[PDB]
């Protein structure tokens, strides 16, 4: 897993009403000049709650990992995840937690 | 300075018209439940562009550092920075960059 044991413990594979997805985000070389999480917060009215991160600035660009929760309506959440991927941020929904 | 060499090179101590603050954020036990950066994006119409981050999760809360640029109008970035400080995120303006 190499997520925190607290999350190993509460994570549920199956969605459930007003669950919240726990995400693993992977940056693969974006410029810092792309404000992707700040844009999703306004555009999709979601909150991206950072759990942890190992984000490296290497070669003048961004390569690394973040664990987050994404809070918002189900439609907004799905749209934000897809838009992140459409900008080549890899996104894995690791499972779902409460609220 | 202890930031990436290209930022060290570009960093100005004096604020200039349309400059961009380069921030260091230090997390010292903020809960994962507080959507600090997402809320500033909406509240103050700024972008928090992550440069790098080494953030750990422990006991339900967060510890570590992030380097960012903050983009927005002068009054908006001033208000977002003041609000993060008001909410006890340790913020340091390392200097200013184009553009």
**Study point:** Close pairs (7 angstrom Cβ cut-off, 6 or more residues apart or separate chains): more than 7 Å from chain A (Cβ to nearest Cβ) and at positive phi in segment B:38-53, surrounded by fewer than 21 Cβ atoms within 10 Å (Cβ to Cβ) and part of a helix (DSSP H, G or I) anywhere
**Key:** B:45/B:76
Exercise for review: Report yes if residue B:27 is touching a residue at least 60 places away in the same chain (Cβ under 8 Å), within 20 Å of residue A:51 (Cβ to Cβ) and within 10 Å of chain A (Cβ to nearest Cβ), otherwise no.
Suggested key: yes
Review point. Yes or no: residue A:80 crowded, with 18+ Cβ neighbours inside 10 Å, under 15 Å from the mean Cα position of the chain (by Cα), farther than 19 Å from residue B:64 by Cβ and at the interface with chain B (Cβ under 10 Å from one of its Cβ atoms)?
Key: no
Check your understanding: For residue B:6, are the conditions met, namely being out of contact with any helix residue (DSSP H, G or I) (no Cβ under 9 Å at 6 or more places or on another chain), closer than 28 Å to residue A:70 by Cβ, without any contact (Cβ under 8 Å) to a residue 60 or more places away in the chain and surrounded by fewer than 17 Cβ atoms within 10 Å (Cβ to Cβ)?
Key -> no
Review point. Going by the structure shown, is residue A:91 within 13 Å of the chain's Cα centre (by Cα) and more than 11 Å from every other protein chain (Cβ to nearest Cβ)?
Key: yes
Review point. From the residues in segment B:55-70 that are closer than 24 Å to residue B:8 by Cα and buried (at least 19 other Cβ atoms within 10 Å of the Cβ), which one is nearest to the other protein chains (Cβ to nearest Cβ)?
Key: B:55
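Backbone-built Cβ (ideal geometry, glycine too); neighbour counts: all protein chains shown. Read the figures in this text as sums done on the coordinates, not as results from a lab.
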